[PDB]
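Quick setup: one chain, the form deposited without the partner chain, written in structure tokens, and binding and motion questions come after.
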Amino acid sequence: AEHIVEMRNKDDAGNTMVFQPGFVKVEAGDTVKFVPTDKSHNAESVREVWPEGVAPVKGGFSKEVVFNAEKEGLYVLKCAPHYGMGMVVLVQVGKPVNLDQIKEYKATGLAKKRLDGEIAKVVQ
């Protein structure tokens, strides 16, 4: 099953530099497509927290990119120019096996706020 995450300058609630949705639950074999609804964004792995051994994602600037969900766990992506403004997304593939490690990751500021909100949506 395919899931879409839009790259947006603003959502309708007023939040700026957002992935919409900011949390998505998927199953192995699903794809997650990050689409440039607004230009000047990307989606790429936060490599410092990306699951061990799983191929990273690095989309081009203003381009669509896919995450091929395969191994169970939690996957954090950022928008490179807007990470500090909070533009972060959390994809859960199946069981959230690495939840402790995602909670241990030190984000700050707006990424911390937004990632914490996303972590709270994890399905256990």
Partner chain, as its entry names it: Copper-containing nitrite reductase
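Residue numbers count along the first chain shown, from 1.
Would you tell me which stretch averages the higher CA B-factor in the PDB entry, 42-50 or 59-67?
Comparing averages over the C-alpha atoms only gives 59-67.
Tell me which of 85-93 and 23-31 has the higher mean C-alpha B-factor in the deposited entry.
Here the higher of the two C-alpha B-factor means belongs to 23-31.
Per the coordinate record, which of the options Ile4, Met7, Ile119, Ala1 holds the highest CA temperature factor?
Going by the entry's C-alpha B-factors, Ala1 comes out highest.
Mind checking which third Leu115 falls in for C-alpha B-factor across the chain?
Tercile = lowest for this residue's CA B-factor.
Beyond the structure shown, there is the form deposited with the partner chain bound, which is absent from this document and is the topic of what follows.
Taking 4.5 angstroms as the heavy atom distance cut-off, pick the stretch from 23-31, 46-54, 65-73, 88-96 that is near the partner chain in the entry with it bound.
Partner-contacting stretch among the options: 46-54.
Do all of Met17, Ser40 and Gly84 end up near the partner chain in the entry with it bound, with near meaning a heavy atom within 4.5 Å?
Yes, each of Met17, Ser40 and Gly84 comes within 4.5 Å of the partner chain in the entry with it bound.
Going by heavy atoms, what in 100-117 lies within 4.5 angstroms of the partner chain in the entry with it bound?
Going through 100-117 in order - heavy atoms within 4.5 Å of the partner chain in the entry with it bound - there is one hit, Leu110.
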